[PDB]
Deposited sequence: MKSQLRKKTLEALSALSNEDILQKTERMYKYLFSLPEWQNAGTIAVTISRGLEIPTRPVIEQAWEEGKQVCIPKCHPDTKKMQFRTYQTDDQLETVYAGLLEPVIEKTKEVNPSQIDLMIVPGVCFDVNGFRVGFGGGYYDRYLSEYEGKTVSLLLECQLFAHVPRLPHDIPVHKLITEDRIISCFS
């Protein structure tokens, strides 16, 4: 029940805490070569207790690189997301991001992967969807996951199809693996 133990951990954190912990997280993210040399980064739109991603998309758009959000039938496809002066509105769950652009995996250079629970070896507890569990076996680029330390555990229920994320960045440090 790692899903339960985390919901509690994340729930205990105050808006100030999360906002203060994620700052140092983005710091690490952006300080990686994988972020600097990335011309196209893939990412989801944060929600609830999911790590906030707005500062990521905004940063990317500020450095000219292109960003594509997911649009997930256990099949998931990524499509470019042109800069809009209403990203805030979108994160407020008051607008949809709006195609012929079926952006192939090979064209994206960095994959920011979402998750609920993580392992020290890159394994994760999905949201129940099952998309990021299969899209990774189709992907072969650089993958990373931003998460709080209260989301990181010793071991996570593995599956004969589970593919680990390459890097794990937290508010305290950063971790490598496969």
Check: Which parts of the deposited sequence lack C-alpha coordinates?
Finding: 1-3, 76-78, 105-106, 187
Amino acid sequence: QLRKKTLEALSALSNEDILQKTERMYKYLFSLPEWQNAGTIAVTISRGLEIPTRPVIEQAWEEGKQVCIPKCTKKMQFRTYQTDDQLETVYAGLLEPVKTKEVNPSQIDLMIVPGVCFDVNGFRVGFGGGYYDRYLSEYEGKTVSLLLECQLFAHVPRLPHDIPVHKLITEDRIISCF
From here on, numbers count along this sequence of modelled residues.
Notebook entry, point to check: 63-71 versus 113-121: which one carries the higher mean Cα B factor per the record?
Noted result: 63-71
Checklist line | Selected stretch [higher average CA B-factor]: 40-48 or 125-133 | finding: 125-133
Notebook entry, point to check: Looking at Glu34, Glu140, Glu58, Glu149, which has the biggest Cα B factor in the entry?
Noted result: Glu140
Notebook entry, point to check: Once the chain's modelled residues are ordered by C-alpha B factor and cut into thirds, is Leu10 in the lowest, middle or highest one?
Noted result: lowest
Notebook entry, point to check: By its CA B factor, does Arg158 count among the lowest, middle or highest third of the modelled residues in the chain?
Noted result: highest
Item checked: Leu87 - Cα temperature factor, lowest/middle/highest third of chain -> middle
